[PDB]
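# Experimental structure and sequence below, a few questions after.
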Protein chains: 6
Amino acid sequence: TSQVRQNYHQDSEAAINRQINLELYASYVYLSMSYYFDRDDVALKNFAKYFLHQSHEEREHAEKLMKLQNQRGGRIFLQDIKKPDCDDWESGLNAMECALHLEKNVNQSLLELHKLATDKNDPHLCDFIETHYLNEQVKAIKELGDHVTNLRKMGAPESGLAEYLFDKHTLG
Amino acid sequence: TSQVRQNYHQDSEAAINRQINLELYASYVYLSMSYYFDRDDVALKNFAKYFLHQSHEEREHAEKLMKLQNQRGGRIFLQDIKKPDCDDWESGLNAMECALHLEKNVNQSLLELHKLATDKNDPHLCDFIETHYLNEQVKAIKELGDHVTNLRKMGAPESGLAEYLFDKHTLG
Amino acid sequence: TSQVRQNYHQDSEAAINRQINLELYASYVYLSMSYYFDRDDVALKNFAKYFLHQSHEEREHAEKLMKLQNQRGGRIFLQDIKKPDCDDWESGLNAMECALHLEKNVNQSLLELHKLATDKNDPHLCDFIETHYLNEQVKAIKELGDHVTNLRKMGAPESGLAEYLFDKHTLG
Amino acid sequence: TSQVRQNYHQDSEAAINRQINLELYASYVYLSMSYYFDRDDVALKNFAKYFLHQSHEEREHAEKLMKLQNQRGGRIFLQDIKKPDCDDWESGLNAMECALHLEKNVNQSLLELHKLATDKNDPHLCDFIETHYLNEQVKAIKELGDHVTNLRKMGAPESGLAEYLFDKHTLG
Amino acid sequence: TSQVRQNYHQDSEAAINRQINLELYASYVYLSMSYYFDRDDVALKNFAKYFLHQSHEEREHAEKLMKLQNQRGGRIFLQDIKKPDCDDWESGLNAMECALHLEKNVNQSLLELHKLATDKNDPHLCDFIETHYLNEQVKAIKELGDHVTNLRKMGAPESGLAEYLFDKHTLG
Amino acid sequence: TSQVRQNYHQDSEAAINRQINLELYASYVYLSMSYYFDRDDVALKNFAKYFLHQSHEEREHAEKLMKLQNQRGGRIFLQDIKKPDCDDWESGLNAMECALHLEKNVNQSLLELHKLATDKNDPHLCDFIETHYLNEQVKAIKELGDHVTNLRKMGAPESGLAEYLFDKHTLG
Ligand code: NA
Ligand code: NA
Ligand code: NA
Ligand code: NA
Ligand code: NA
Ligand code: NA
Ligand code: NA
Ligand code: NA
Ligand code: NA
Ligand code: NA
Ligand code: NA
Ligand code: NA
Ligand code: NA
Ligand code: NA
Ligand code: NA
Ligand code: NA
Ligand code: NA
Ligand SMILES: [Zn+2]
Ligand SMILES: [Zn+2]
Ligand SMILES: [Zn+2]
Ligand SMILES: [Zn+2]
Ligand SMILES: [Zn+2]
Ligand SMILES: [Zn+2]
Ligand SMILES: [Zn+2]
Ligand SMILES: [Zn+2]
Ligand SMILES: [Zn+2]
Ligand SMILES: [Zn+2]
Ligand SMILES: [Zn+2]
Ligand SMILES: [Zn+2]
Ligand SMILES: [Zn+2]
Ligand SMILES: [Zn+2]
Ligand SMILES: [Zn+2]
Ligand SMILES: [Zn+2]
Ligand SMILES: [Zn+2]
Ligand SMILES: [Zn+2]
Ligand SMILES: [Zn+2]
Ligand SMILES: [Zn+2]
Ligand SMILES: [Zn+2]
Ligand SMILES: [Zn+2]
Ligand SMILES: [Zn+2]
Ligand SMILES: [Zn+2]
Ligand SMILES: [Zn+2]
Ligand SMILES: [Zn+2]
Ligand SMILES: [Zn+2]
Ligand SMILES: [Zn+2]
Ligand SMILES: [Zn+2]
Ligand SMILES: [Zn+2]
Ligand SMILES: [Zn+2]
Ligand SMILES: [Zn+2]
Ligand SMILES: [Zn+2]
Ligand SMILES: [Zn+2]
Ligand SMILES: [Zn+2]
Ligand SMILES: [Zn+2]
Ligand SMILES: [Zn+2]
Ligand SMILES: [Zn+2]
Ligand SMILES: [Zn+2]
Ligand SMILES: [Zn+2]
Ligand SMILES: [Zn+2]
Ligand SMILES: [Zn+2]
Ligand SMILES: [Zn+2]
Ligand SMILES: [Zn+2]
Ligand SMILES: [Zn+2]
Ligand SMILES: [Zn+2]
Ligand SMILES: [Zn+2]
Ligand SMILES: [Zn+2]
Ligand SMILES: [Zn+2]
Ligand SMILES: [Zn+2]
Ligand SMILES: [Zn+2]
Ligand SMILES: [Zn+2]
Ligand SMILES: [Zn+2]
Ligand SMILES: [Zn+2]
Ligand SMILES: [Zn+2]
Ligand SMILES: [Zn+2]
Ligand SMILES: [Zn+2]
Ligand SMILES: [Zn+2]
Ligand SMILES: [Zn+2]
């Protein structure tokens, strides 16, 4: 038992480790998407930049969770980071939709974590989640939804012109 | 077949994918070490900072390999990132020794890759490896060896005072 | 025999002269393309600027090869610079494709030169080629492939709007 | 027929294409001279610099003629650029004399072009030639004559000391 | 055996020690030449400055080789530095010619070292040699050849005026 | 006989040449010590820096003696620079003690030189020695004695911690 541990439940520790793995997996997926868009037969540099930035932010979130785990006296237990489902994301619109799905999954996991923390009467963990993850996920989901809506209205994925102009004007 | 592909062998493509996975694994290991040293019962902030920086550099090396793969017309195929062997690295000296072992393994993989590229007559890949990875690995191995030697002479791992002073003076 | 000549094979000298002629020819071709796009019935000023810049860079590469030839004690022997195959390049997409073909030809010639230098045990010439030409050619080929992919996706050469928007947004 | 073409005779268009080829040939000759003086057994860096600058200026003149051809609605038709007559220019004095001869040839071609433009009643072409080429050629011929006179008085080509001091003091 | 040693052959270690001795010897020779030209009956301050600078650069190269030897886990074994062949270098032209001969000898030794490293499959050592020594030797040999050519053309060693003017204008 | 020579004895000339050789030998020894401390199994960067600086200062003293020899009309006669006695200096304390011994030897040689100059009635040489070498040697010997005393009191060579802390605090 850690000397700093106080009001930190074992269930909360396990949930934090699971969330760490999920954030690392999201970072891996975003990296895969970015370098799909760096391909010579896709060539959407601003899509690639956007997804690389998302990957870096995801890794930062994982590091913040690890820092919280060390702060509360828990012990980090790392697991394998599974590879992304696809190697070819087939379009900017499809990548945006998959990113929206992934962010909604991450948000649902965070909501389950907050529910568990509320059940265990861990106000510090609850406020940590609320302050650092919930609103960030809400804004990320809203932004991805806006991007998907705009791409659909311009006519993606059939319109390479639509994807090109979105890359230049919205992501540039 | 990619429109930009020229003098790029399938064996080289597969070896580059393997090296990408190895660099990502090294990044994961360094992250594990850093947050082991962030623990309340270890509390070596400069060890943690050093290993976090190593993890970021490993990320950058993996991303550079992915960029090279896209440049040469190859296709990136990501695999699972295996978890690190240990959760508890037991000391600064032990972590330094394991990092030295890992860097020597990475250097050996890079040397095998250079040998394969020389066999396949890929001077661009050979020069890429020589310019961006071989000397960096040599300096990293030399630095880790220096750190291990200094820790042993000061009397680690038995001397918490030795580890504390090394953290303050060499890593600070 | 030059007083500075050392480990410089006659085959290498002849290959360097051939490469000088090839670089000058590439410069001529790029100049032709640029002033095709300066025509009143084409009027793509950013295409013209891009190809003029490529012509200048090709000239610089030829001058660097001549400097290397003088450095190693060889003697420069200039030949006729053949005219470009076409006077009318018919579209931005067609010009981009022909430029990609030309850069791949130049890269293949450079790879043959590196193979000859390796056979003749000329590490200085090998490293000169690797440092100054191979990665530049790889990046140029990747960039041209990206441009061709983007033009095709926007719908060139049928879409004058696609060529106009590419000229403004990617080349501007 | 171009939509911008007005008072531009076919004879003038052909003469402009011929002048473009002549300017490119002069650039090639000056490049040859510069890298002759870059040789280890000649080693006159300021002669080499002077002739390289002349080559760049000749290329600029050719590009200006191509721009004029596009402005007047003519069509550029590029020809082979013949190699220079000599590979070895034998001295600074001999190179200066050959450059003077070449500039006089270029000036005579420009005067014939101006005569043709006057015959065809093309005041725009006449004024273009007068503004951009005739006085530049006159000044270049005067400068080359001054250089030749000075080299002869100092005692070139017999006096390597004369050529060295001219390189340092006049061309430096 | 050093803890950092990897893919470093004993033959390569011995060759590196030999090259260290050769670079130190070259530094000694250049120092001798510089202070020959500092003599009251020679009095060529810019020749002395040039050769002193060459001596400093030679020692820097020796130190870089020693650093490489420590980096790769080899052990430096220093030998006697033999005295230069002559105490009186008899002229600026003769000193320049002897320096050219010495640089060609050093370049040949470096080429033999690169051949040995290629045979032992040591890409790091090969790239180290290519990056830090081969092109420097090529430029140094070219510069010395240019100096010798210029001195001969001005009429050295018979012309003390030629040596004086070369000292002032080329080396000043 | 030199035109500038005045009141300069042949014995003084020979003694100056001997002192030049001694200073060069001291520079060589200090270089050996510095790169011993650059080894991966020693790893004392500040010891290495200190001894490299001492080697450079020894270079400068040798060059100043050569300058004096040229000033007084003497002729420099260079000899072989013998290798240092040891390749392994075994500790910071042992290296400091050997450096103290070497500086005392150099000081004794300088005192013998001053005695000879006084005997030959060479006040310029006497004052040159007094101004540029005697007080520097006294200060260097005092500094080395202080370093040896401090290392012994901290407990070197048994205490790698003592050597590490001395490297950080006194030499850093
Ligand atoms: Na994937
Ligand atoms: Na979802
Ligand atoms: Na782990
Ligand atoms: Na290893
Ligand atoms: Na190994
Ligand atoms: Na053409
Ligand atoms: Na091609
Ligand atoms: Na090819
Ligand atoms: Na590129
Ligand atoms: Na020629
Ligand atoms: Na003429
Ligand atoms: Na005439
Ligand atoms: Na000598
Ligand atoms: Na030689
Ligand atoms: Na030694
Ligand atoms: Na002594
Ligand atoms: Na004594
Ligand atoms: Zn749980
Ligand atoms: Zn690609
Ligand atoms: Zn983009
Ligand atoms: Zn990040
Ligand atoms: Zn977050
Ligand atoms: Zn913390
Ligand atoms: Zn746990
Ligand atoms: Zn998986
Ligand atoms: Zn994949
Ligand atoms: Zn709250
Ligand atoms: Zn637009
Ligand atoms: Zn393979
Ligand atoms: Zn903790
Ligand atoms: Zn700390
Ligand atoms: Zn990173
Ligand atoms: Zn790229
Ligand atoms: Zn693949
Ligand atoms: Zn695993
Ligand atoms: Zn773990
Ligand atoms: Zn790297
Ligand atoms: Zn050939
Ligand atoms: Zn036009
Ligand atoms: Zn434009
Ligand atoms: Zn150019
Ligand atoms: Zn190039
Ligand atoms: Zn050069
Ligand atoms: Zn030739
Ligand atoms: Zn032709
Ligand atoms: Zn044409
Ligand atoms: Zn290389
Ligand atoms: Zn005509
Ligand atoms: Zn040459
Ligand atoms: Zn010059
Ligand atoms: Zn130009
Ligand atoms: Zn002009
Ligand atoms: Zn125009
Ligand atoms: Zn025409
Ligand atoms: Zn011809
Ligand atoms: Zn020629
Ligand atoms: Zn050997
Ligand atoms: Zn003198
Ligand atoms: Zn001088
Ligand atoms: Zn130096
Ligand atoms: Zn060097
Ligand atoms: Zn080092
Ligand atoms: Zn050894
Ligand atoms: Zn000797
Ligand atoms: Zn001597
Ligand atoms: Zn004596
Ligand atoms: Zn070592
Ligand atoms: Zn240190
Ligand atoms: Zn010095
Ligand atoms: Zn000194
Ligand atoms: Zn001194
Ligand atoms: Zn003096
Ligand atoms: Zn003497
Ligand atoms: Zn000896
Ligand atoms: Zn030794
Ligand atoms: Zn006094």
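Happy to help now that I have it. Residues are numbered from 1 along each chain as shown, chains lettered A, B, ... in the order given. Ligands and ions are numbered 1, 2, ... in the order given.
# From now on I want contacts and neighbour counts done on CA atoms only, so please keep to that.
Will do.
# The one helix or strand residue A:58 maps to and ligand 3, any residue contact?
Using DSSP states H and E, residue A:58 sits in helix A:45-71. No - Helix A:45-71 stays clear of ligand 3 (CA under 5 Å from the ion), getting no nearer than 12.3 Å.
# Just the residues contacting stretch A:34-43, thanks.
Residues from elsewhere that reach stretch A:34-43, judged by CA atoms under 8 Å, 6 or more residues apart in numbering or on different chains: A:44-45, A:47-52, A:87-89, B:2-4, B:66-67, B:70-71, B:73, C:142, C:145-147, C:149-150.
# For residue A:82, grab phi and psi.
phi -70, psi 150 (degrees, to the nearest 10).
# In contact with it, which residues are there?
Counting by CA under 8 Å, 6+ apart, residue A:82 makes contact with A:25, B:79, B:80, B:81.
# does any part of stretch A:126-134 sit near ligand 22?
Yes - interface with ligand 22: stretch A:126-134 contributes residue A:133 (CA under 5 Å from the ion).
# how far does that stretch stretch from start to finish?
10 Å (CA to CA, to the nearest Å).
# Would you mind listing the buried residues in it?
A:126, A:129, A:133, A:134 (16 or more other CA atoms under 10 Å in any protein chain shown).
# gap between it and the chain center?
15 Å (CA atoms, centre = their mean, to the nearest Å).
# Touching that stretch from outside, list them.
A:107, A:110, A:111, A:114, A:117, A:118.
# give me the element the third one is part of.
Under the criterion DSSP H and E, the helix or strand holding residue A:111 is helix A:92-119.
# right, and the helix or strand after that helix?
helix A:123-129.
# residues near residue A:49, how many?
For residue A:49, the count of nearby residues is 19 (other CA atoms under 10 Å in any protein chain shown).
# Actually, residue A:85.
If we define neighbours as other CA under 10 Å, then residue A:85 has 10 of them.
# which residues does it contact?
By CA under 8 Å, 6+ apart, no residues touch residue A:85.
# Can you tell me how far it is from residue A:95?
To residue A:95, residue A:85 is 12 Å away according to CA to CA.
# re the thing from before, list just the nearest of the contacts of stretch A:126-134 to ligand 51.
Within the contacts of stretch A:126-134, the smallest distance to ligand 51 is 59.7 Å, found for residue A:107 (CA to the ion).
# Dump the C-alpha coordinates for stretch A:136-154 into PDB.
Only the C-alpha atoms of stretch A:136-154 are listed here, as PDB (Å, rounded to 0.1, in the frame of the first residue of the first chain):
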ATOM      1  CA  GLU A 136     -12.500  18.200 -24.300                       C
ATOM      2  CA  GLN A 137     -14.300  15.100 -25.600                       C
ATOM      3  CA  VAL A 138     -17.500  17.100 -26.100                       C
ATOM      4  CA  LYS A 139     -15.700  19.700 -28.200                       C
ATOM      5  CA  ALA A 140     -13.800  17.100 -30.200                       C
ATOM      6  CA  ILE A 141     -17.000  15.200 -31.000                       C
ATOM      7  CA  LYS A 142     -18.700  18.500 -32.000                       C
ATOM      8  CA  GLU A 143     -15.800  19.400 -34.300                       C
ATOM      9  CA  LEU A 144     -15.700  16.000 -35.900                       C
ATOM     10  CA  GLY A 145     -19.400  16.200 -36.500                       C
ATOM     11  CA  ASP A 146     -19.000  19.600 -38.100                       C
ATOM     12  CA  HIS A 147     -16.300  18.200 -40.400                       C
ATOM     13  CA  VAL A 148     -18.400  15.200 -41.400                       C
ATOM     14  CA  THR A 149     -21.400  17.400 -42.100                       C
ATOM     15  CA  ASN A 150     -19.400  19.800 -44.200                       C
ATOM     16  CA  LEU A 151     -17.700  17.000 -46.200                       C
ATOM     17  CA  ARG A 152     -21.100  15.400 -46.900                       C
ATOM     18  CA  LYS A 153     -22.600  18.700 -48.000                       C
ATOM     19  CA  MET A 154     -19.700  19.400 -50.400                       C
END
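# Give me the buried subset of the contacts of stretch A:34-43.
Among the contacts of stretch A:34-43, those buried by neighbour count (16+ other CA under 10 Å) are A:44-45, A:47-52, A:87-89, B:3-4, B:66-67, B:70-71, B:73, C:142, C:145-147, C:149-150.
# Now that residue A:66 has come up, it's in contact with residue A:76, right?
Yes - assessed by CA atoms under 8 Å, residue A:66 is found in contact with residue A:76 at 6.8 Å.
# Just the buried residues of stretch A:116-128, please?
A:116, A:117, A:120, A:122, A:125, A:126.
# hang on, the fifth one packs against residue A:115?
So that's residue A:125. No - look at residue A:125 against residue A:115 with CA under 8 Å: they stay out of range, at 10.5 Å.
# Next, the buried residues of stretch A:149-167.
The neighbour-count check on stretch A:149-167 (16+ other CA under 10 Å) flags A:149-152, A:154, A:156-157, A:159-167 as buried.
# Restricted to helices, list those.
Applying DSSP state H to the buried residues of stretch A:149-167, the entries found in helices are A:149-152, A:154, A:160-167.
# ok, and of those residues, which contact chain B?
By CA under 8 Å from any CA of the partner chain, no member of these lies near chain B.
# could those go into JSON lines alongside distance to ligand 70?
Shown next, in JSON lines, are these (distance: CA to the ion, whole Å):
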{"residue": "A:149", "distance to ligand 70": "75"}
{"residue": "A:150", "distance to ligand 70": "74"}
{"residue": "A:151", "distance to ligand 70": "73"}
{"residue": "A:152", "distance to ligand 70": "77"}
{"residue": "A:154", "distance to ligand 70": "76"}
{"residue": "A:160", "distance to ligand 70": "72"}
{"residue": "A:161", "distance to ligand 70": "72"}
{"residue": "A:162", "distance to ligand 70": "72"}
{"residue": "A:163", "distance to ligand 70": "69"}
{"residue": "A:164", "distance to ligand 70": "67"}
{"residue": "A:165", "distance to ligand 70": "68"}
{"residue": "A:166", "distance to ligand 70": "68"}
{"residue": "A:167", "distance to ligand 70": "64"}
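# So which of those is the closest to ligand 20?
Taking these together and measuring to ligand 20 by CA to the ion, the closest member is residue A:167, at 5.5 Å.
# Enumerate every residue touching the residue lying closest to that closest one once chain neighbours are set aside.
Nearest residue to residue A:167, sequence neighbours excluded (CA to CA, 6 or more residues apart in numbering or on different chains): residue A:46, at 5.6 Å. Each residue near residue A:46 by CA under 8 Å, 6+ apart is listed here: A:167, A:168, A:171, A:172.
# ok, 6 Å please
A:167, A:171, A:172 (CA atoms under 6 Å, 6 or more residues apart in numbering or on different chains).
# Please apply the same query to residue A:55.
Neighbour list for residue A:55: A:27, A:30, A:31 [criterion: CA under 6 Å, 6+ apart].
# which element is the first one on?
Looking back up the chat, that one is residue A:27. Using DSSP H and E, residue A:27 sits in helix A:10-37.
# Please identify the buried residues of that helix?
Buried, per 16+ other CA under 10 Å, within helix A:10-37: A:12-37.
# Any part of stretch A:89-106 near ligand 2?
Yes - counting by CA under 5 Å from the ion, ligand 2 is contacted by stretch A:89-106 at A:101, A:104, A:105.
# Can you tell me how far the last one is from residue A:32?
If I follow you right, that is residue A:105. Distance from residue A:105 to residue A:32, by CA to CA: 18 Å.
# cool, the second one as well?
Using CA to CA, one obtains 18 Å as the distance from residue A:104 to residue A:32.
# re earlier: could you dump the residues of stretch A:89-106 next to ligand 2 to a markdown table with neighbour count and distance to ligand 51?
Compiled in a markdown table, the residues of stretch A:89-106 next to ligand 2 are given as follows (neighbours: other CA atoms under 10 Å in any protein chain shown; distance: CA to the ion, whole Å):
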| residue | neighbour count | distance to ligand 51 |
| --- | --- | --- |
| A:101 | 14 | 55 |
| A:104 | 16 | 58 |
| A:105 | 14 | 59 |
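# and the residue of chain A found nearest ligand 9, helix, strand or coil?
Using CA to the ion, the single residue of chain A nearest to ligand 9 is residue A:40, 9.4 Å away. Three-state call for residue A:40 (DSSP: H, G, I helix; E, B strand; the rest coil): coil.
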